[PDB]
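Protein chains in written order, with the working numbering: chain A, 101 to 335; chain B, 111 to 317.
Just so it is clear, CB atoms sit at the ideal spot from N, CA and C, and this is done for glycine as well.
Reviewing the structure listed below.
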Amino acid sequence: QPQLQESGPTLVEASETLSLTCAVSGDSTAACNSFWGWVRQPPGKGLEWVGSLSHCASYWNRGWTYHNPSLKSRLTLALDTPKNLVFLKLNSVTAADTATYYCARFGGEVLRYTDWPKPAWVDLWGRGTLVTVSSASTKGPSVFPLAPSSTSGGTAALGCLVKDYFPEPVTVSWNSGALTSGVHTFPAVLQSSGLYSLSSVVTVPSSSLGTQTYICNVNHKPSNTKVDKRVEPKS
Amino acid sequence: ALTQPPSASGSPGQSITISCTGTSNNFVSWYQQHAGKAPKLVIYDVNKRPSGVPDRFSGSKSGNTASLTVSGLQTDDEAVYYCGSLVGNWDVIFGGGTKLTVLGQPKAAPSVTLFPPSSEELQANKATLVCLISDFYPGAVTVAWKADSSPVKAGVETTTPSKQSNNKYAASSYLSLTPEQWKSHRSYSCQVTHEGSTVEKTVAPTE
Ligand SMILES: OC[C@H]1O[C@H](O[C@@H]2[C@@H](OC[C@H]3O[C@H](OC[C@H]4O[C@H](O)[C@@H](O)[C@@H](O[C@H]5O[C@H](CO)[C@@H](O)[C@H](O)[C@@H]5O[C@H]5O[C@H](CO)[C@@H](O)[C@H](O)[C@@H]5O[C@H]5O[C@H](CO)[C@@H](O)[C@H](O)[C@@H]5O)[C@@H]4O)[C@@H](O)[C@@H](O)[C@@H]3O)O[C@H](CO)[C@@H](O)[C@@H]2O)[C@@H](O)[C@@H](O)[C@@H]1O
């Protein structure tokens with residue numbers, strides 16, 4: 101079956117230009133059955149149409165190009181049919197442009213139509229490539245304690261806030277791996293500043309808060325940084 | 111715009127229907143997206159199935175409401191489903207997506223822990239409220255924040271629910287404030303909506 105394969109930079113600085121190429125195999129971008137374009141999806145959110153185009157002309161134009169109206173001022177689409185390539189260019193990117201970008205083949209009333217072709221659904225999807233918009237440089241994390249109270253039915257939650265690092269990933273352990281039961285480390289959030297934050301939490305018996313030391317161990321290999329943070333009960 | 115409910119659930123072997131309001135024409139499509147994977151077209155033209163899509167997927171439309179029905183749920187059917195449609199002359203829009211869970215364990219209400227800004231973070235001139243949610247199933251929640259009694263939208267970041275070691279789900283939500291606005295209100299609240307239930311935890315700078 102046909103395949104769509106995106107390629108291009110996955111990190112773009114703020115206000116710069118986002119450019120992506122899509123290689124099409126098993127179908128012809130020159131045929132008139134389909135439109136070709138892009139759909140994007142911010143991490144943890146829904147699908148957002150970007151646009152599509154076709155080089156099959158009617159007798160009153162040289163083809164068709166449809167843009168998401170909120171992106172039109174920054175968006176350029178292109179086709180290189182001899183090479184079977186689809187292109188996306190998006191100027192002046194902000195944090196709101198961080199997303200997984202999917203190359204997409206569109207169907208609908210395309211081959212035969214009244215007034216204008218209507219590419220209405222995506223019948224073939226690329227694997228998608230996550231583009232991150234951030235002007236940040238490599239930076240180690242700041243670790244803050246999430247202290248328990250001296251919390252709920254004999255057990256107490258405590259944890260670590262791992263703030264303002266770049267890039268991913270960060271790994272977290274507790275007590276150098278001696279504490280694993282009841283541990284959960286959460287996915288990272290990309291803040292509007294262009295830096296990541298995550299949290300790690302562990303539930304322990306409240307009776308242990310006075311005698312047992314709890315230390316989260318944060319490893320950020322991209323910056324060759326390790327942070328051990330003692331988490332102590334509130335005063 | 112197209113409006114989908116955030117989530118739905120059924121047991122293996124049952125039938126389930128999820129709806130999408132706002133569809134004003136027959137250019138309706140449905141997409142299945144497994145976690146970590148690209149979407150896939152499962153219905154087009156209201157009720158047509160692409161080759162390879164089982165006949166237990168079926169689409170329909172009544173008034174301005176499109177519906178996707180899955181007869182005989184299988185565990186592989188667990189995914190997020192989006193409705194799509196042509197709008198205007200030639201635009202494409204999608205619904206917000208419905209998380210469809212195929213029930214494999216008892217439903218479980220979430221535990222919520224709300225951490226105030228740490229003293230260390232306040233000394234670095236920053237303030238982050240941390241709302242940690244754990245031990246719930248299905249893995250779908252809505253998080254809202256309040257300052258005193260007023261809803262708060264700016265400065266909120268929420269992670270997608272991810273599985274714990276005990277195979278229930280956890281999620282996290284953050285409210286970023288300046289130290290001044292943290293001190294200036296009487297309280298802050300994290301509200302977690304799960305199934306037909308909302309749990310709210312509150313913290314106050316005077317604690
Ligand atoms: O779904 C889109 C939009 O729909 C609703 O808004 C309405 C829409 O009305 C457009 C237009 O429609 C009708 O004219 C149809 C066509 O008639 C003639 O053939 C010709 O005039 C066409 O003009 C195009 O072609 C000529 C020559 O080929 C070009 O020089 C000209 O610039 C036009 O080119 C645009 O359109 C063609 C397809 O027709 C595209 O292939 C081309 O790439 C270009 O598209 C860009 O610009 C579009 C805006 O014009 C934009 O939608 C695309 O995404 C892309 O950016 C003529 O189109 C008549 O009813 C006529 O009166 C209408 O103007 O768009 C208007 C402006 O937005 C809006 O006021 C109408 O109400 C809404 O639902 C809207 O939200 C939605 O986005």
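Could you have a look at residue i and say whether DSSP puts it in helix, strand or coil?
i	result
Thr-113(B)	strand
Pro-219(A)	strand
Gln-103(A)	strand
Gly-294(A)	coil
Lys-293(B)	helix
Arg-330(A)	strand
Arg-174(A)	helix
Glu-231(B)	helix
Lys-321(A)	helix
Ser-307(A)	helix
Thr-127(B)	strand
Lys-183(A)	helix
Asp-186(B)	helix
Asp-197(A)	helix
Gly-207(A)	strand
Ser-276(A)	helix
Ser-281(A)	coil
Under 7 Å between beta-carbons, which chain B residues line up against residue i? List them in chain order, please.
i	result
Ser-158(A)	The premise fails here: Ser-158(A) is roughly 14 Å from chain B at the closest Cβ pair, so nothing lies under 7 Å.
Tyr-202(A)	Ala-148
Flag residue i as yes if its beta-carbon sits less than 8 Å from any beta-carbon of chain A, otherwise no.
i	result
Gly-194(B)	yes
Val-202(B)	yes
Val-253(B)	no
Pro-149(B)	yes
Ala-250(B)	no
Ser-134(B)	no
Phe-137(B)	yes
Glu-290(B)	no
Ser-228(B)	yes
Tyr-191(B)	no
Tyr-298(B)	no
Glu-188(B)	no
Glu-231(B)	yes
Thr-269(B)	yes
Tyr-284(B)	yes
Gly-123(B)	no
Name the chain A residues whose beta carbon is nearer than 8 Å to that of residue i?
i	result
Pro-160(B)	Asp-223
Just to make sure I have the definition right: I need the residues of chain A whose C-beta is within less than 7 Å of the C-beta of residue i. Which are they?
i	result
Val-240(B)	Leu-246, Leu-261, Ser-299
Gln-274(B)	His-284
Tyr-247(B)	Going along chain A, no residue has its Cβ under 7 Å from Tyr-247(B), so there is no contact; the nearest lies around 15 Å.
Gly-182(B)	Result: empty, since nearest Cβ-Cβ is about 25 Å, beyond 7 Å.
Closer than 9 Å by beta-carbon distance: list the chain A residues that pair up with residue i, in chain order.
i	result
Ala-280(B)	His-284, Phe-286, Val-301
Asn-235(B)	Per Cβ cutoff of 9 Å: no residues; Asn-235(B) is ~12 Å from chain A at best.
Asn-199(B)	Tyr-166, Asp-215, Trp-216, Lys-218
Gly-169(B)	Residues of chain A passing the Cβ test: none, with the nearest at roughly 12 Å.
Let me see if you follow: with CB-CB separation under 8 Å, is residue i close to chain B or not?
i	result
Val-289(A)	yes
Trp-216(A)	yes
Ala-236(A)	no
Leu-147(A)	yes
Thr-229(A)	no
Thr-251(A)	yes
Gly-144(A)	yes
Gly-208(A)	yes
Going along chain B in order, which residues have a C-beta closer than 8 Å to the C-beta of residue i?
i	result
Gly-226(A)	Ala-148
If distances are taken between C-alpha atoms only, which option among the options comes closest to residue i?
i	options	result
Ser-299(B)	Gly-169(B), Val-163(B), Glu-231(B), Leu-224(B)	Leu-224(B)
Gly-207(B)	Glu-317(B), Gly-173(B), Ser-117(B)	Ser-117(B)
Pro-220(B)	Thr-131(B), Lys-263(B), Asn-235(B), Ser-244(B)	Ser-244(B)
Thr-229(A)	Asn-135(B), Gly-146(B), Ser-134(B)	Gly-146(B)
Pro-315(B)	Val-302(B), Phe-137(B), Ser-297(B)	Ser-297(B)
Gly-151(A)	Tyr-159(A), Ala-157(A), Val-139(A)	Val-139(A)
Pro-271(B)	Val-253(B), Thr-131(B), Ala-257(B)	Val-253(B)
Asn-135(B)	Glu-188(B), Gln-184(B), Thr-211(B), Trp-200(B)	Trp-200(B)
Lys-171(B)	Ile-128(B), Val-302(B), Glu-305(B)	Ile-128(B)
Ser-300(A)	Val-243(A), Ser-308(A), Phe-266(A), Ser-307(A)	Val-243(A)
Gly-282(A)	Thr-312(B), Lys-278(B), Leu-151(B)	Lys-278(B)
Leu-183(B)	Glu-230(B), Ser-121(B), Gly-169(B)	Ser-121(B)
If the criterion is Cβ atoms closer than 8 Å, does the pair residue i and residue j meet it?
i	j	result
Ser-292(A)	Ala-199(A)	no
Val-318(A)	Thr-255(A)	no
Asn-191(A)	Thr-117(A)	yes
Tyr-191(B)	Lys-217(B)	no
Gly-144(A)	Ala-148(B)	no
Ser-139(B)	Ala-220(A)	yes
Please list the partners that residue i has in chain B, where partner means a Cβ-to-Cβ separation under 9 Å.
i	result
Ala-257(A)	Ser-221, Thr-223, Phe-225, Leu-242, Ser-244
Using a Cβ-based criterion (distance less than 7 Å to any ligand heavy atom), does residue i qualify as near ligand 2?
i	result
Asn-191(A)	Judged by which ligands are present, ligand 2 is missing from the structure shown, whose ligands are ligand 1.
Please tell me whether residue i has its Cβ less than 8 Å away from any Cβ of chain C.
i	result
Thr-175(B)	The chain inventory of the structure shown lacks chain C, comprising the protein chains A and B.
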